[PDB]
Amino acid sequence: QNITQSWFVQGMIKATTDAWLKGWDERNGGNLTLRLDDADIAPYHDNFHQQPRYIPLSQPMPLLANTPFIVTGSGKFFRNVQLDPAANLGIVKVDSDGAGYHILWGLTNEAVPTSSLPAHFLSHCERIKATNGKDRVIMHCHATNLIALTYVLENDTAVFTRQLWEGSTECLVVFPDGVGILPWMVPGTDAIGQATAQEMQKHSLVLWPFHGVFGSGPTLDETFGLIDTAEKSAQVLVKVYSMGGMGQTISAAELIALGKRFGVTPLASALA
């Protein structure tokens, strides 16, 4: 089969298309990268008909040496990935010393990876370390209700985590480490990539106020489902707040009992 029918190209199409249908990825909003093994891509080598283009990295990462990824392109729309995966996605392989990468497949007509790729790489590095190599996905999208909440809730990790845990029972179990929140920062900068990667050490979800969310996970579905869980809770919260707020909710005691039953250690600071 053609690489377009591969599990990982189909996976990238599914995730980007689902996020598009959720209303989280207007225009080129959002970006998605997936760490692969050589063994995933090697069978499809005869599908690679052009010369690998080289792009240097300003900050090398030796931890990622020789590692292939499939990634969304700069200025590309999640809506279009299903229509032309080769135009909108690329497979890249970081070189031997992590000083740059080669584009191996896709990103046709001189397209390049998302301008956020260096920031994705830094977060991949921190998640590899934090999860002993199990995490493989970084997903950014403009999740609508989470965005709306950033204007009305204290932009504070403990406050925000507690509300999201209250907003759907599964949340504490899905993200016991809570949701990290940064100050508003200029997107595309080194600073925002650094700050995100730091919080990725402590959380699988990071919020960018007035902008969107960053998630990490071992697979596309687990990462998408993580974001979707947080966004569903946020959707419930927006309804409840719009109705004048909570008359009742999940208590700290109930949340602790929940953690205990499911063998997770919830972020203590959100349990007042």
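Don't overthink the numbering: it's just position in the shown sequence, from 1.
- Of the two segments, 224 to 232 and 59 to 67, the one listed with the higher mean B-factor is 59 to 67 (C-alpha atoms only).
- The PDB entry reports B-factors from which the mean C-alpha value can be compared for 85 to 93 and 122 to 130; the larger average falls on 122 to 130.
- Across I103, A148, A191, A197, the greatest Cα temperature factor reported in the deposited entry is at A191.
- Per the deposited coordinates, the residue with the largest Cα temperature factor out of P52, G244, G30, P209 is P52.
- Among the modelled residues of its chain, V173 has a C-alpha B-factor that falls in the middle third according to the deposited record.
- Among all modelled residues in its chain, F77 ranks in the lowest third by Cα B-factor.
- Per the deposited record, the Cα B-factor of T219 falls in the lowest third when ranked against the other modelled residues of its chain.
- When the modelled residues of the chain are ordered by their C-alpha B factor, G98 lands in the highest third.
- When the modelled residues of the chain are ordered by their C-alpha B factor, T108 lands in the middle third.
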